[PDB]
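**Student:** Structure provided below as structure tokens; questions to follow.
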Amino acid sequence: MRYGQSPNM
Amino acid sequence: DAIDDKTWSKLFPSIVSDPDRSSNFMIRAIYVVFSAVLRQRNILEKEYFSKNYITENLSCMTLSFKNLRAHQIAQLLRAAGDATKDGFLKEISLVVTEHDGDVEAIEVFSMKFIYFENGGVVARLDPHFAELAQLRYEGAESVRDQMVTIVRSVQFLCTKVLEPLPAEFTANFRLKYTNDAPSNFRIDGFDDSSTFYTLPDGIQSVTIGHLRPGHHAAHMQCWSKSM
């Protein structure tokens with residue numbers, strides 16, 4: 001239902 | 001029920017029976033394992049990593065706090081690990097795609113979590129659930145063995161099993177909140193999303209290992225196309 005994200009590379 | 005190892009105390013709590021140190025162990029575990037994945041897979045150069053010992057037998061490369069970018073990734077992992085104390089973290093995954101923003105990955109290193117009620121016997125309530133719910137806590141030494149197994153399996157998988165990653169790829173950390181998690185509670189460094197990650201229909205799946213401290217359970221999996 002609910003998610004979270006991040007930036008890498 | 002405690003670990004009497006010099007090498008172990010440098011990175012992990014010697015006791016993992018109680019709820020707090022159990023969650024703490026989960027945090028350190030996430031740090032170590034995902035650092036191992038990041039280095040062994042050559043997603044980040046060796047400069048970002050500093051070499052550490054989990055055991056006199058094994059060594060891995062752990063993200064250096066001194067290096068700023070590695071510190072950023074480390075604090076990201078720290079936030080995600082800290083979420084396990086509240087019990088609001090369902091899964092954390094290192095996701096590798098060809099293009100930035102893709103929901104379909106070419107490689108995934110997932111870590112799925114399970115929280116136990118009371119003394120840490122009964123699981124709170126997904127496909128990964130049942131297996132971990134079957135497990136019992138068998139003491140700190142066993143947990144050390146499980147960690148050792150995970151790290152060795154990670155290194156072996158990345159170096160002697162998997163194909164090298166493509167020339168250009170986008171890596172990032174994506175997580176999933178538990179059902180209990182409040183809408184105002186947000187993990188630091190992680191913007192909300194209506195999309196997780198998806199897999200190819202013929203993607204290969206291998207199990208790296210699991211961890212069973214006092215009140216928590218984790219399952220490390222690896223999906224890949226390079227495999």
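Residues in the structure tokens are numbered from 1 in each chain, the chains being A, B, ... in the order shown, and ligands are numbered from 1 in the order shown.
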Define the interface residues of chain B facing chain A as those within 7 Å, counting only C-alpha atoms, and report them as a PyMOL selection string.

**Tutor:** chain B and resi 170-177+189-196

**Student:** Skipping near chain neighbours, those fewer than 3 positions away, what residues fall within 10 Å of residue 103 of chain B using only C-alpha atoms, listed as a VMD selection string?

**Tutor:** chain B and resid 95 to 97 99 to 100 106 195 to 199

**Student:** Using only C-alpha atoms, find the one residue out of B:48, B:116, B:137, B:31 that sits nearest to residue 79 of chain B.

**Tutor:**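 So, comparing all the options, the nearest one is B:31.
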
**Student:** For residue 6 of chain B, please output as a list in words all residues within 10 Å (counting only C-alpha atoms; exclusion window: fewer than 2 positions along the same chain).

**Tutor:**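 Final neighbour list, sorted by chain and number: residues 3, 4, 8, 9, 10, 11, 14, 53, 54, 55 and 56 of chain B.
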
**Student:** Got time to write the residues from that selection, N, CA and C atoms, as a CSV table (one decimal), in the first residue's frame?

**Tutor:**
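Output contents, as saved in out_28.csv:
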chain,number,residue,atom,x,y,z
B,3,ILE,N,27.8,-13.4,23.3
B,3,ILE,CA,28.9,-13.8,22.5
B,3,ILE,C,30.2,-13.2,23.1
B,4,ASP,N,31.2,-14.1,23.3
B,4,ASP,CA,32.5,-13.7,23.8
B,4,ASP,C,33.5,-13.6,22.7
B,8,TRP,N,33.6,-9.7,17.1
B,8,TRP,CA,32.1,-9.5,16.9
B,8,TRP,C,31.6,-8.2,17.6
B,9,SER,N,32.2,-7.9,18.7
B,9,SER,CA,31.8,-6.7,19.5
B,9,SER,C,32.1,-5.4,18.8
B,10,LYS,N,33.0,-5.4,17.8
B,10,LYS,CA,33.4,-4.2,17.1
B,10,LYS,C,32.3,-3.7,16.2
B,11,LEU,N,31.4,-4.6,15.8
B,11,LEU,CA,30.3,-4.2,14.8
B,11,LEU,C,28.9,-4.6,15.3
B,14,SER,N,26.8,-7.8,21.7
B,14,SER,CA,27.1,-9.2,22.2
B,14,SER,C,25.9,-9.9,22.7
B,53,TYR,N,36.1,-6.6,10.3
B,53,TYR,CA,36.0,-8.0,10.7
B,53,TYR,C,34.8,-8.4,11.5
B,54,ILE,N,34.0,-9.3,11.0
B,54,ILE,CA,32.9,-9.8,11.7
B,54,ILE,C,33.3,-11.0,12.6
B,55,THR,N,34.3,-11.7,12.1
B,55,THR,CA,34.9,-12.8,12.7
B,55,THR,C,36.4,-12.9,12.3
B,56,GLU,N,37.2,-13.5,13.1
B,56,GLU,CA,38.6,-13.7,12.8
B,56,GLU,C,38.7,-14.5,11.4

**Student:** Name the closest residue to residue 76 of chain B among the candidates B:111, B:187, B:44, B:89; distances are taken between atoms, counting only C-alpha atoms.

**Tutor:**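 Result for the nearest residue to residue 76 of chain B: B:187.
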
**Student:** Out of B:15, B:211, B:70, B:140, which residue has the shortest atom-to-atom distance to residue 33 of chain B when counting only C-alpha atoms?

**Tutor:**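 Ranking B:15, B:211, B:70, B:140 by distance to residue 33 of chain B, first place goes to B:211.
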